[PDB]
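One structure is given here, and the rest of the page talks about it.
Every residue, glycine as well, gets a Cβ built from its backbone with ideal geometry; the counts of neighbours run over all protein chains shown. Please treat every number below as a calculation from the coordinates, not as lab data.
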2 protein chains.
Amino acid sequence: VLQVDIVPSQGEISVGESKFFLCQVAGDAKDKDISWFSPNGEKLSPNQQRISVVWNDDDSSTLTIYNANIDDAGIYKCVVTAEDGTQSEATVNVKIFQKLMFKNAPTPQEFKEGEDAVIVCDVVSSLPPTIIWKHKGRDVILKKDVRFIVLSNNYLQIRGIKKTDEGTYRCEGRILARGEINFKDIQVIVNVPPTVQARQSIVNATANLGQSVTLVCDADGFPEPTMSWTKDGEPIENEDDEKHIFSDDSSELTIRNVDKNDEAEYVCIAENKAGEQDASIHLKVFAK
Amino acid sequence: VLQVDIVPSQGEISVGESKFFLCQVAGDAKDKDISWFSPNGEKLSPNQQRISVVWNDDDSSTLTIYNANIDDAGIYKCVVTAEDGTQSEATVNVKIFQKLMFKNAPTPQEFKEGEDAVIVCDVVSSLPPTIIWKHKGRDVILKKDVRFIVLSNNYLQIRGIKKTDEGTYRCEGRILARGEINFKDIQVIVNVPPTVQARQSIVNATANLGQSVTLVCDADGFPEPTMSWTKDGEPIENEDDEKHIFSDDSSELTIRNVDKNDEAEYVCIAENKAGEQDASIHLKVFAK
């Protein structure tokens, strides 16, 4: 009697992806029923959303598995029933797996100079991945710079990270059985705490002569330090400004019409995401 | 003698992707040479960039094909040569293909109400794709709204597109032999040309009484029309403003200290990306 075949004859679907299968009946005289059954033995209701069974013509029926998940795995079968109740079937083994992909591998990843840096790279795959970390083409391992280590979770550890260690690092995953490869480039940034020094620690000025004085601090670090000042411990707003004028980086503070109220200890605070350092300047104002 | 095997025993790579193959020698007493030959018979130089051959231990050699292209297809072979010149080989058939993917399928795609809209969806695949266009879950075809047609290039044509045709349209590609599915959602936007009418076509004002007059045009369309005005054909800048004050949409123009120089024909131009329409207002100014 009847011939039923499913194309493709077998299938594999990665979690979250979709695949379809066509159950075809041979010759096809009509008035026969075509029904699909899932791996758990249940008959699939036609025209549903995710596990879709769509009759095409009286010759075939298509099973589409959208957004696959592990519980979709198994032998699905297509049964054909002739007007007299005689039945024929074709079965199809559907495997579900997780293709090698990156789940969490942020870029860039930043570290403070000197700390032990751990570069995070989270992969997912049904079969266990072999991970290789690459820098500038090489395998950071085969060089044996004792500071480089691949941890049990496959993250790259760079002990006492140096400013010269920044750059792009490649996290490469391989699955031997499938000869599968996927990789991700991660930019590593090293931040350096600020250091700062006053250009002049002591400054003397004369009051009420309408003159200005410029206080200067020289700082560096990475990212470039942002400067803020204090007058005897009290903040000084960068803002409108009539008296206090700051440079773009605020590394320079210009006091405009100097009078005795300007005499104080000024502190320039240099900060960036990795730290802080300050320096003081003593301004003394003498009556004219 | 010697046993040589390649894992995976066979492989398929989509253009632009990567795969690797491990050639392993059995038992492995040493001092034997392992070399790979490409499909064109040439011996591969070790440690190159794209077509990478890397010796692991004296037991194996790994061939990695990065960023694959059609000319990489073929039988690669791994040859093992023992100290006495006796050789053994393993071959691996590497197929190259183009997995079903979208090359150009911009979203959103915009059309002017009434024109024939063609929604562009360019796919690529080694095997010819079957394309299905879906709206709100359905297949725009099986409804037979004569205005909907899938063209020879597989684009969706929507004749005399209506504002009520906008929404998301799904371009779904299927390859039967592989039960492969990939889709792309495309937001279709329909723009409507502006129409505009003056609220008052004729306006009379008295000069030098320090009073204002407000000219108003009511417009609509999609996107919301932007308004610009002209005084006897000359533009009027929206800008500082002391005399001419515009509403946010500039649908209203307020003339402030009316004097005879304000008497003129004012035109409000309503525009959006789909078109334009204007209306005129005649302001007559009488001496006080």
Exercise for the section: Starting from the amide H of residue A:200, placed 1.01 Å from N in the peptide plane, find each other amide H under 5 Å away whose residue is 5 or more places distant or on another chain. Expected result: A:216
Problem - For the stretch B:1-65, the fraction of alpha-carbon pairs in successive 10 Å shells from zero, as % - result: 20, 53, 24, 3
Completion exercise
One finds, for residue A:124 and residue B:103 with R0 = 30 angstrom and r their Cβ-Cβ distance, a FRET efficiency to the nearest 0.05 of 0.60
Handout entry: Alpha carbon Rg of chain B, scaled by the compact-globule rule 2.2 N^0.38 Å
Key = 1.89
Practice task
Determine which residues of the stretch A:30-73 fall in the zone a paramagnetic label at residue A:84 would reach in this model, i.e. backbone nitrogen under 19 Å from the point 7 Å along Cα→Cβ.
Solution key: A:30-34
Completion exercise
Log10 I(q)/I(0) at q = 0.13 Å⁻¹ for the stretch A:1-133, from Debye over equal alpha-carbon scatterers, is -0.63
Exercise for the section: Give the nm distances, rounded to one decimal, from residue A:89 to the matching residue in every other copy, measuring between label points 7 Å along Cα toward the beta carbon; shortest first. Expected result: 4.8
Exercise for the section: DSSP loop (so not H, G, I, E, B), at most 16 other Cβ within 10 Å: list which trypsin sites (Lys or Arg not before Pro) in the stretch B:242-279 pass both filters. Expected result: B:243, B:256, B:273
Practice task
Using a Förster distance of 60 angstrom, determine the FRET efficiency expected from the C-beta separation of residue B:15 and residue B:112, and round it to 0.05.
Solution key: 0.95
Exercise for the section: Cross-chain or 8 or more residues apart, Cα under 30 Å: how many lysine pairs in the stretch B:29-126 fit that? Count them up, please. Expected result: 12
Practice task
Evaluate peptide A:175-186: per residue, the Cβ atoms of other protein chains within 10 Å of its Cβ; return the mean as an integer.
Solution key: 4
Practice task
May I ask for the Kirkwood hydrodynamic radius of the protein assembly as shown, worked out over all distinct Cα pairs and given in angstroms to one decimal?
Solution key: 32.7
Exercise for the section: Quick one: what are the phi-derived ³J(HN,Hα) couplings along the stretch A:216-231, Karplus 6.51/-1.76/1.60 with θ = phi - 60°, whole Hz, x for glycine and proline? Expected result: 10, 10, 10, 10, 7, x, 9, x, 3, x, 9, 9, 9, 10, 9, 10
Practice task
Sort shortest first the distances from residue B:139 to its counterpart in every other copy, using label points 7 Å along the Cα-to-beta-carbon line, and give them in nm.
Solution key: 5.1
Handout entry: Convex hull of the stretch A:98-193 built on C-alpha atoms - directionally averaged projected area, nm²
Key = 6.0
Practice task
Starting from a label point 7 Å past Cα on the Cβ side, list the distances from residue B:31 to the same position in the other copies, nm, shortest first.
Solution key: 8.3
Handout entry: Long-range tail of P(r) for the stretch A:227-275 (Cα pairs > 15 Å, %)
Key = 46
Fill in the blank from the handout: Counting only residues 5 or more apart in sequence or on a different chain, those whose built amide H sits under 5 Å from that of residue A:12 are A:95
Fill in the blank from the handout: Contact order relative to length for the stretch B:98-193, counting C-alpha pairs under 8 Å separated by 6 or more residues, stands in percent at 38
Practice task
Show the residues, 5+ positions off or on another chain, whose built amide H is closer than 5 Å to the amide H of residue B:195.
Solution key: B:220
Practice task
Over the Cα atoms of the stretch B:194-288, compute the convex hull volume and normalise it per residue, giving Å³.
Solution key: 82
Exercise for the section: Pop out the ³J(HN,Hα) list for the stretch B:165-178 in order, Karplus 6.51 cos²θ - 1.76 cosθ + 1.60 with θ = phi - 60°, rounded to Hz; leave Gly and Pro as x. Expected result: 8, 4, x, 9, 10, 9, 9, 10, x, 10, 10, 3, 3, 9
Problem - Non-local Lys pairs in the stretch B:194-288, i.e. 8 or more apart or on different chains, that have alpha carbons under 20 Å apart - result: 8
